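In the order they appear, the protein sequences are chains C, W and X.
With the working numbering, letter number 7 in the first sequence gets 7, and the count goes up by one each step, no holes.
With the working numbering, letter number 38 in the second sequence gets 38, and the count goes up by one each step, no holes.
With the working numbering, letter number 5 in the third sequence gets 5, and the count goes up by one each step, no holes.
As structure tokens, the structure follows; a few thoughts come after it.
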Amino acid sequence: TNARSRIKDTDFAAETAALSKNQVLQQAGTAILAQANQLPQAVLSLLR
Amino acid sequence: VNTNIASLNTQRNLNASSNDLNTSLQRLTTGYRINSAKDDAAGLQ
Amino acid sequence: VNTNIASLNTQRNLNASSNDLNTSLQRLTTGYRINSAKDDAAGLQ
């Protein structure tokens, strides 16, 4: 049984950190996109 | 420039991120690092 | 960690303990160290 856990039993005290990292990335790349999609808007609004 | 947005590359990365995210949450629910799914089928077997 | 508790090993030891306990009490009741049970069948015989 102890083996069965060493196989399966996630050391989620580490995977929590991994988890935050993923949540974090979702957030960050999103905000980057909210910024990114403003670029072409500016380009044309000005050249016009 | 307007014809497209190279910054959709950002999007791609996030898709990967969200995939990882969901799988992690599965592992955190059941406590099984090897999902009942095939993934790492050796240890599963 | 949550998937299981290695400390159930403690439980196992206690099962053995309780077994010994009960047998001792039997021996203390009747005064017979060899239970009427088979145990140490040589002296019993």
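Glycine included, every Cβ here is placed at the ideal spot set by N, Cα and C.
### Query
Where C/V43 and W/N15 are concerned, what is the direct C-alpha to C-alpha distance, given to the nearest angstrom?
Here the question's residue 43 of chain C lines up with position 43 in the first sequence. Here the question's residue 15 of chain W lines up with position 15 in the second sequence. Looking at the two C-alpha atoms, the distance is approximately 27 Å.
### Task
Give the secondary structure of X/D40 by DSSP, where H, G and I count as helix, E and B as strand, and everything else as coil.
Counting from 1 along the third sequence, the entry for residue 40 of chain X is found at position 40. Of the three classes helix, strand and coil, the one that applies to X/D40 here is coil, per DSSP.
### Query
Taking Cβ-Cβ distances shorter than 9 Å, what residues in chain X pair up with C/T1?
Taking the first sequence and counting its residues from 1, one reaches residue 1 of chain C at position 1. By Cβ distance, chain X contributes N4, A6 and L8.
### Query
Along chain X, in chain order, which residues have C-beta atoms closer than 8 Å to that of C/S5?
The residue you call residue 5 of chain C lines up with position 5 of the first sequence. Within 8 Å Cβ-Cβ: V1, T3, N4 and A6.
### Query
Can you tell me whether X/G31 is buried or exposed, with buried defined as 16 or more other CB within 10 angstroms of its CB?
Residue numbering aside, residue 31 of chain X sits at position 31 when the third sequence is read from its first letter. Under this definition X/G31 is an exposed residue.
### Query
So which residues on chain C does W/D20 lean against when the C-beta distance must stay under 7 Å?
Locating residue 20 of chain W in the second sequence gives position 20, where the first residue counts as 1. Neighbours of W/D20 on chain C, chain order: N22.
### Query
Mind checking if C/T10 is an interface residue toward chain X, Cβ cutoff 9 Å exclusive?
Taking the first sequence and counting its residues from 1, one reaches residue 10 of chain C at position 10. Yes, contact with chain X.
#### Entry: Between the CA atoms of W/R33 and C/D11 - distance to the nearest angstrom
Position 11 of the first sequence holds residue 11 of chain C. Position 33 of the second sequence holds residue 33 of chain W. Roughly 8 Å separates the two Cα atoms.
### Query
Going by the CB atoms, is the gap between W/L21 and C/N37 shorter than 9 Å?
Sequence index remark: in the first sequence, residue 37 of chain C carries index 37 (1-based). Sequence index remark: in the second sequence, residue 21 of chain W carries index 21 (1-based). Contact: no.
### Task
Give me the Cβ distance between X/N4 and C/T30, rounded to the nearest whole Å; I'm assuming they're in contact under 8 Å.
Walking along the third sequence from the start, residue 4 of chain X turns up at place 4. Walking along the first sequence from the start, residue 30 of chain C turns up at place 30. Not confirmed; about 38 Å, so no contact.
### Message
Just to make sure I have the definition right: I need the residues of chain C whose C-beta is within less than 8 Å of the C-beta of W/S17. Which are they?
### Response
Residue numbering aside, residue 17 of chain W sits at position 17 when the second sequence is read from its first letter. Per Cβ cutoff of 8 Å: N22, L25, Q26 and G29.
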